[PDB]
Amino acid sequence: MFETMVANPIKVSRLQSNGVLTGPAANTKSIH
Amino acid sequence: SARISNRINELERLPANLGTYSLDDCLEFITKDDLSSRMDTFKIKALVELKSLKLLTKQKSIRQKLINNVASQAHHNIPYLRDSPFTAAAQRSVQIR
Amino acid sequence: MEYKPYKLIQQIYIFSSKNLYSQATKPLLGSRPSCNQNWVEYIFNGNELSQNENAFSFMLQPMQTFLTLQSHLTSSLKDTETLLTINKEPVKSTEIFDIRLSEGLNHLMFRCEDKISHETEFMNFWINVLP
Amino acid sequence: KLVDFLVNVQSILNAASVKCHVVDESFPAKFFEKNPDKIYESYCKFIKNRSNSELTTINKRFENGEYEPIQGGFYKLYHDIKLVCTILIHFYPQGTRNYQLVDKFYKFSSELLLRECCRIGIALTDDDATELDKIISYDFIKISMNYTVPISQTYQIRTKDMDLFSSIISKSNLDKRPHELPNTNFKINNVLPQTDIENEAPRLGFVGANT
Amino acid sequence: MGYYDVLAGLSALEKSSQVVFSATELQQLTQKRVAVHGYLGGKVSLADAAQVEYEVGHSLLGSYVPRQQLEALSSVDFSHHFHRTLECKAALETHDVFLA
Amino acid sequence: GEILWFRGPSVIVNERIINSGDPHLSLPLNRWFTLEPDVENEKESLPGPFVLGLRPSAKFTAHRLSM
Amino acid sequence: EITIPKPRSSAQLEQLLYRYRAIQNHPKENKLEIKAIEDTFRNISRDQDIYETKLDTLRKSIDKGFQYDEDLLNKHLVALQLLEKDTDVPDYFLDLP
Amino acid sequence: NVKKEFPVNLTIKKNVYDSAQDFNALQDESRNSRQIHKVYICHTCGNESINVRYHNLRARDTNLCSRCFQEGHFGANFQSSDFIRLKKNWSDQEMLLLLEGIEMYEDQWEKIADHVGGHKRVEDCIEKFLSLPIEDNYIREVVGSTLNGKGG
Amino acid sequence: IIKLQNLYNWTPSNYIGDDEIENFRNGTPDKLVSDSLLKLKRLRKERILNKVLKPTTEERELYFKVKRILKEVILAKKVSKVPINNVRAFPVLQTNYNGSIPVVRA
Amino acid sequence: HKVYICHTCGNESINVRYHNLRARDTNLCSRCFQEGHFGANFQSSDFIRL
Amino acid sequence: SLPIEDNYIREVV
């Protein structure tokens, strides 16, 4: 079995790999 | 320049795998599978010194830009230079229509 | 799962090529000798292993491309044996095969069949040849 | 030596078991063998008997002075450690937090006891078949060094495109539960440790290049 | 070059006994600034800079490696390269001189 | 909560730090004190790979624990 | 003559001994490196004996009640370290003591 | 209505005069002729384990170059009998033990030499202590104290 | 004659001079140490002013002499206290393995 | 705060990351560094613990 | 404010 399946690889962008900033103050276009 | 080049040579001839045993790893009961939280302390210092020695001209350029842009405005930003009768007389003489 | 020790296969050896060793120790009055000179050997015992865990993995330095596989059989009768590389088929020269791996990840499936009692035994080997 | 050694070992084991409480667990306290490589098995037998015919921790054995500075006391300590670790490993689930805590503690304590006993002069307990071996033994004299180490395992599958592998399985080397394939078609691959010791590395100027 | 250097080379390789020195071999073994860049002033002509010879020397990968190329290098090959050029150089030089 | 699958089998390293100076590892030149393969070949069965790695003494750990 | 020079460090002496041990079994062929190696060994053993005797004389005739001041010893340790690892000792660090 | 100095990373630098005293990680395995490696590693994946057999190699062809010292090797020009019938460089475990001994026993050199092992004498421990790198903050403090004593 | 007891036990720092014996017997070895350190510093300055890296032999000899003097002073317990300031770590090598995920190599 | 993500598995690294000294953009989990789950042209000496 | 070059300037002068 498992011969007909496909991988569905995991892709990670370098911007996502180093410099994601979070919180409710993440985006500047927010009243918060 | 000779001294700086010699130091950079010595720094670059170091090994990459340059961990450090910190003697405080006793309290961190490492079990041959964990990772010591201080393996990279001499490697970080070596890298910092090497890169700081390689970015010397950049620091020189920024320093000279700061110095020039703060000297050109001496007669306008420093009081005891701006208030002497000679600097005032010169700045007036330039603006004679 | 379970525990199934082998019956036909016994003491499979996978080691470095004798030709690489001879050319690294003797330069044929030509070039310089190498500097690494790491020669390995991997032995697998038929018994005390399991037929339900028949895969093994290890890495090799880029110069360790030419290997040789030696097989011994407890079944002193006539059996059918097939070695599969990346799904080509090498031919032997107790049997001896010479393998030339490729960079990346290689898969070796060594298969024995009795054909008298009709028993099959497999051994899978995943090998990494670093760039 | 041995007195201060036992004091230090007791203090260390008390300090390292704050999260695991391995020292504060109670085992039957009347069990003992000679060869360690069968302990679990024998314990099972023991259980059966005392389970059909129907006490102390390690700190209690320390304060009562049960480990003598002779090899007997060291072997008793090693035996009790391995016993409590096997018990708590088979008690907790396969991959929970306390499972891996107990495994880590076992590794630490066993390595500590082995190194220390070897430092005081105490112990707690062929190349012919290949032509490569023949030519090597003919060309060079071999200064050898032998040691053993368990191998690890992972899951491996095959798909339409490529072969894929799993992370290393965190199953302890004391886990005797046979296995449980989460799905069929899962192959079990055996990962072998790394051979080289003085494996070279590039210089520092290679990773600190100017860009 | 030097007698002890020759001995260290002949001992690195295990062919130290296969060498014999003669008398003469033993007796001989015992013995302005052109502005390149412009980060600080007004740069001189690029032709003038090319006319001058550059010598960094102290660095290993030169004074510049592009980002993509360095990011996509192989570490094993370069480790072996440094082992051949930096550490095993004397043995290979002796093998070039002696041992045919 | 799903299994991550990699293209290569993992890597196991016994010791993270090595004794850069050791008669077992760094064989000295000019061994001073002690057909067929040879008579001078000797084997040594180590009690474990920890002999090749850096470990602190129990005494110093206890000392640090006392404070 | 030939007069193999004095070994700079102990590794050089070890390699001298290795070279001699390799040459031994062909004396009629080499016949010249052996004599220089042996003269060097004689000089080294002589120097070692002289050093042992001088050390024995030194340790038994040091002083009755002299002692070293701690401040000066600390300054000397720091200066020795700095000079040993190619750093710089400021000018006001040794003349003034 | 003080001069903060660039750190003196003494642990990184090397000895200038006698480079045979650097830490084993910083030394160059090229003066003792140990650059080229001849290794032979035999594995055995028998029973849920592996019996690693590590072999270093020395040329069996070399006569009296890979064999232990014995009396029959040296002639009448030597006095080696008693010495042969009856260490010298440090290691990493021994360096660690020296640091721990200094940390526990400040100046009791005999207890330190006993903590290290029976191989090292007191003199060797004193040498290694003299050659150990010192902290950077203490160096700054000492140099600044001298500077302030000069200037005031 | 040659003694293996001496070949095995020898270092380039085994050349005691008469100055040490005198400055020990007559007390005040510290003067010798201070003068030798001054000479070392002067030699290093001269070695810097003209671009040369390898220290000369006399510098090695002064360094060895200072080390021996301080060693024999400390060993003879001729000091009240010894300053103990050490970096409580030390550099050591580290195993170096490769990545197992193979390269795509477009 | 700030969030970092392993370059190999999508999972985010916690309390520590292994910065690649050559890529200068790709960081790794602690586990994916312990098990050598990076590219086959990188060695363990190319990463630094932050 | 980074004493990158101070040691060498000081030791040469």
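Observations on the structure shown:
First chain written, first letter: the chains are A, B, C, D, E, F, G, H, I, J and K, and each begins at residue 1.
Just so it is clear, contacts are C-beta pairs under 8 Å (C-beta built on N, C-alpha and C of every residue); 3 or more make two chains touch, one makes a residue touch a chain.
Listing every chain that touches chain G and chain H alike gives E, F, I, K. Counting C-beta pairs in contact across B-J and across B-D shows that the higher total falls to B-D. We define each chain's centre as the mean of its Cα atoms; on that basis chain B and chain I are separated by 32 Å.
The distance from the centre of chain C to the centre of chain H, each centre being the mean of the chain's C-alpha atoms, comes to 42 Å. Chain I has its Cα centroid 14 Å from the Cα centroid of chain H. For chain D, residues that reach two or more other chains under the stated contact definition are 111, 127, 133, 136, 139, 141-147, 149, 151, 156-157, 162-164, 167-168, 189-198, 200-203, 205-208, 210-211.
Counting partner chains per residue, chain J shows two or more touched chains at residues 8-9, 21-22, 24, 35-37, 40-46. In chain F, the positions touching at least two other chains are 4-11, 13-18, 20, 27, 29-30, 32, 38, 40, 50, 54-57, 59-61, 65.
Residues of chain B touching chain D in their complex: 11-18, 29-34, 46-47, 50-51, 54.
Taken in their complex, chain E has these residues touching chain H: 8, 11-14, 16-17, 83, 87-88, 90-91. By the touch criterion given at the top, residues 7-9, 11 of chain F touch chain C in their complex. Residue ranges on chain I touching chain H, taken from their complex, read 1-5, 8, 12-13, 55, 59-60, 63-64, 67, 70-71, 74-75, 81-82, 84-93. Touching chain D in their complex are the following residues of chain H: 37-43, 45, 48-61, 66.
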